[PDB]
Structure formats: C-alpha cells, structure tokens
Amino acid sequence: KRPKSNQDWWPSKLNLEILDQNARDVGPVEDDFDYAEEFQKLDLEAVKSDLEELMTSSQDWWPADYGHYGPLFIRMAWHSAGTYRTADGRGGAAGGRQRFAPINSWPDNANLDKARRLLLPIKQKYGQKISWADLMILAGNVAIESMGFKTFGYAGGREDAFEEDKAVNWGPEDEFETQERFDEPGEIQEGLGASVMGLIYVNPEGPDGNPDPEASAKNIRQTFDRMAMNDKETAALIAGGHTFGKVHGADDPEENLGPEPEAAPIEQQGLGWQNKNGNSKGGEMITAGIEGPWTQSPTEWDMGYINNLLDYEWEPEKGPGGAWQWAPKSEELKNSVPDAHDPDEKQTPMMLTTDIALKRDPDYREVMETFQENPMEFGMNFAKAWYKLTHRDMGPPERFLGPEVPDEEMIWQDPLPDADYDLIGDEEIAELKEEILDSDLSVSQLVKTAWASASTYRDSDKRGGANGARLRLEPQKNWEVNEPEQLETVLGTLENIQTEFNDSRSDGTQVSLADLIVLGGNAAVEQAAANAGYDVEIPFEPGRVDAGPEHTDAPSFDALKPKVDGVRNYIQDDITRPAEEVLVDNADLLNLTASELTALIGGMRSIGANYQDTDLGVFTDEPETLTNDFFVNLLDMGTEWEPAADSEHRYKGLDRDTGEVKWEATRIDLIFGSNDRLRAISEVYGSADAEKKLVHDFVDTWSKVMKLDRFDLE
C-alpha cells in the first residue's frame, strides 16, 4: 500500500516538492556542516594510495577484468559526470546522485553498482573527510594515472546529496532504452542531454538501434554540445576513454540479467542486474549487451584505439549479445587481445557504431587524423577535457580544494579577478548609497537591474550571480529580458558614480560596479519599504569584483538566458510547457522555498519591477511601495478572472458584480491564487495583520538571492 500521489490523479499539478527540498537539508548531517572544512582535513595522497592498491585487488563477487579495475572506475566517473546538462546545470557529478534512483537504475549504469560498492571500504575509512561525489571522480583519476596517463589535475569540494534531484526532467518516455525525443538525428527535444531515456548521451548501436555511423555522429555532436563539449573535446573524450577496458555482452542482457537495483530483492542490498545464471562473473559478464575490447592492451595508455579505428576497415555485425558492434576485416587483429579473465583465451578487438562515427563524420575524422599524427596533442586534449568534464559543475576557483588543484584557472570556471584595492567600509557604503538614491535612477530601475544581475545564479552548477558584473558584458547586456537600451542607461549612471568615487579617493580604496549594482537594489528595496512606513536595513557584503570579457566565455552564458522570469513577469512567446512550471523550475535554481518564492513575487509586484514596465500583476495603487497589495487584491472575490482573447499567457481581472476590467495579469501572477498550496500561502500574506511579515520576508529573500554566489567565505 503506497499513498497515491496527487501527481497521479492530476498530471498537470505543479511539482512544489522540489521547492520543499530547499526548505532544509535531508540527511543525518548538521545544517551548518562545512564539507570544505572537512575535506581540507583529508590526507588526499593517502586516499590515492589506497585507491591505487584497490585497482588490482580483485573481489570474487565482481572479478576485475585483466586483473585491473581501472577501466571500470573510469566508466563510473564518466557516467557520474556525464548526466550534466548546460540548459539548467543539473545532472553531473557534484552531488554523486548516481547513487540514487532513478540514475542508479538506468540501463546505461548497469553494474556500476558493483563499481561503487568496491569503493565502500575506502569511503568508510575516511568518513566525512571525502564525499562519495569526490571519491568517485578521484577513483577515475587514479585509474587513469595508474595506467600510464598523467591527469591535468584534481579538486575536491563536491558535497554529497542524500536523494535524487527532483527538479530534473529526464525526458517524456515511459520506458528506459526507448526514445520519443527525436525524429531526425541531431534534432533532439530542447533541453535534454541524451537521445534516449536511461542513457548518458546516445545509443551505442546507432540511432534507433540502426548501425548508421553518420547519423550517430549527429546525435553525438548534439548531446555532447548540450553537455558543454565541442568537436575536439568530444573526440578526445571518446577516444581517450575507449583506449581503456572493454564492453560486456556475453549473452543478451534482456533474458540473462536480473532486476535493476531499485527493483531487486532486499537481500541483494542495493546491487542489481544479478545474472539469471550468475552473481559475479568475468569471462561471461553482461552489461551493455555488446562484447569485446577496443585495444590490444586495455589497461595501458597508448594509441591503440586511434590506430585500430583509423588503420583498419570495419564492418557491422550482431555480437554474441545480439547487439550491433563492428569487427575488423583484417586477420591480423584476430585474437590479438588477451581475454579479460581466461589466461588461455584470446579475443578480437571491436568498435561501437559510435566509435566508427568519429571516423565517418568529416569533422570528427579531421580531429582524429590530427590526434593520430600528434599523440601529444591527443593526450593533452584528453587530459583537459577529462578535467573539464569532471569539474564543470563545481563553479569558480574559490570552490576548488586540495593540493592537486592546477595552477591554471580555466575559462569555463568563469574566473573572477582579485581585488587590487581596499574594500569600502560602512562610511563609504552609506556614502555610495546616498549618491545612488540621489541620481535620477528610479527604485524600479535599481531593483530590476540588481535582479537582472543576481537572478542568473544556478545552485545546480554554481554558475551566474552578481559577482563579476557580467550583466554589463556579452551576452547578458543584450538579452531581450534585460531590456538592452534601458539597462545601458542604468549602468551608465552607476559607472559614472563608480568613477567619481574611485577618483575622489586618496588612499587605496575603490568600489566595483558589481557591488554598486547590489547596493543600488538594496537601497531601493529599503526605500520601497520606507514608502510603506517600514524601516528596514538590508545587510550588505562588499567584495564583489568586476569580471572582464577576456575571461568570460560569452557563448557559454547563452545557457543561462531565461525564457521565463517571474519576478519581472517576462514570458517568452514560444515556451512549450506551462509558465508556472518553468517558474518553479527557476525558483529551485535560486534555492527558494514555496513561501520565499511567493513573498518574492508578491513583494516585487508592489514595487513594479516588470519587464517593459507593464502593469501585469501590479495590483496596487502605490507603485514602488513595498506592501501586500498583490495578495489582498488577488484574493478579492469582487474580481472575476478570464483568459484574454488573442493572448497565450494573458488574463484579465474584471469586476464580478458588473463586468468592467480592473486588472491585467499572466499565469505567473494567477498561479498563486489557483494552486492549493500557493493559495494557502497567499492567504497568509493577504491577511489584515500580515503586511509587516510580508515586508520582512521579502527582504530576507532578497538578501539571500543577492548573496548566493559569494563563496569568498563559504
């Protein structure tokens, strides 16, 4: 007996549970737990020493191929980081969520349950000093190093999650290993990072199970791009990874493997895919259903993959597991590789349709030829791509911990420059605050600008935020939602204030535009509250610096461009899913709870910080005054709402007892009076004794968002 969720009865119901996840922290760990502090206590080199010993310590319940677990661990690390999507920054290795459903049970993660299990003794030994997330990646690096390849570096700092990321939409499919997201290769439904449900990137057999390398390349390119990787990085990663190990498919997994972890017998204690006629295995292991090694020396770094792929012609065939795979035409490669477990048996190398794709696609082929001709270039590209792959969702350099962090900071870290001046103090803070309020800048202008600056933050991959003032740079300065010409006016005035202040300084003190933006919005909010009769002081943290275009990868920021922005009541005219759904999704990126989001939306509407200064949802007669008017008017039964004709997200509020129009609103405003849970929150804020509470709650949420990307002291 399991409680039938409301999700079942009503598929269109909003998923507020993702916001409830932000209310607190699930897990037995304290709320003030600083993983960074703990990891710093870790003896990294001792963990690496134990990992290197593990590489060749074969366990009977899952015998190491070729007497070395290295390749398995690399796949484990690759898969952990391989679910990452640039669209929302979700997925990835940062929380080690491969350990929880549904990811722990995807077909593509088959037997990684054994791989993670092999690390349990080490995890237990170091305890809190190293998270599962950090450990899985470290295990991959150690595997690579132990097999002859020097890595680019390694950083700790990934805090373990204790459940699935409920905000992630992995696709529309109702069954794993099936796809309803693309008709033509290269045209996958927007957002999704994979071409098939339950897979990391693409089908190893080819699009729709067809061994068409050329088409495969189209999906490879698109999925990797959606995972932040270009053509060169993609080829380097695939070739680099397949230089090691083999694929397992002694027989058809469909009829020889037991239930996935989430559906397996309790006695199996978290493991799954138990062989119908097996529980350990080696010379008969079954994982993907495809069988064989890529190179003659699966546990050594070399040019084996690249040479085998490019130096011989391959042909498609059905392997022993009933899946598509390619075999060489020459007899030289016949039985050229030792068997994984039987010392007296040999095996012939094989390629996946996805490997042949790198040889068939003109663009990838150009890269592969270059790699074959210049091994050093191949190696460097692989080292850099692997580092990027595994650290892409960790944020700025401030969050990279440990003695193995590389001296070089990478552009994808969205690095911030050090401050070559003294931070302003309380006196200057007030000085600048007064100057801003004195300028011809309106409260709405200051609030909208500060929001545009801080609202890009994503707790998923730590990208975005007000620190750096990238709002003034490409592509943000030209985003439609930011109103380019209008923003230029505000920024010009603020930059004018920055200049006069710094030039009027005698010592070594200076102020950044990034801090001014936030100071302006804070001063504006306090002003809006004062206009309502409330005296509030929003805490300010100086220190933000101004990032330059030189260390800004403009194209990569396109992924942060919003299609919907509740605070500004901006809704793109072509969104697929309902507006409120996107609203909840974005609110989760800011670590907001359902109540916080509500206070933020309602409070912002009284200020009037709408995109293009419309009156959508502005249910008040005192613009730029922080009150609970939004809620009072929203809840008034004296008003009747109806969809606006010739408008997709627009609605009109008309006098009920009559019929005249009183208000204009969007689905974003109305969801708070329609959703059962949100309406209960609105009723609290709309009561005759809650205005002060809404004001203070708005301020608490505003302050929180302004400081989301300040890891300077985290």
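Start at 1 with the first residue shown and count on from there.
- Stretches 211 to 219 and 427 to 435 differ in mean C-alpha B factor, with the higher average recorded for 427 to 435.
- As recorded in the PDB entry, 632 to 640 is the stretch of 632 to 640 and 387 to 395 with the greater mean C-alpha temperature factor.
- Remark: of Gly92, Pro71, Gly566, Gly402, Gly566 shows the highest value [criterion: C-alpha B-factor in the PDB entry].
- Ranking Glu30, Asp65, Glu683, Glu53 by Cα temperature factor from the entry places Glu30 first.
- When the modelled residues of the chain are ordered by their C-alpha B factor, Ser674 lands in the lowest third.
- Per-chain ranking of the deposited C-alpha B factor places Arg544 in the highest third.
- Per-chain ranking of the deposited C-alpha B factor places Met410 in the middle third.
- In the PDB entry, a CA B factor belonging to the highest third of its chain's modelled residues is recorded for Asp252.
- Split the chain's modelled residues into thirds by C-alpha temperature factor. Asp588 is in the lowest one.
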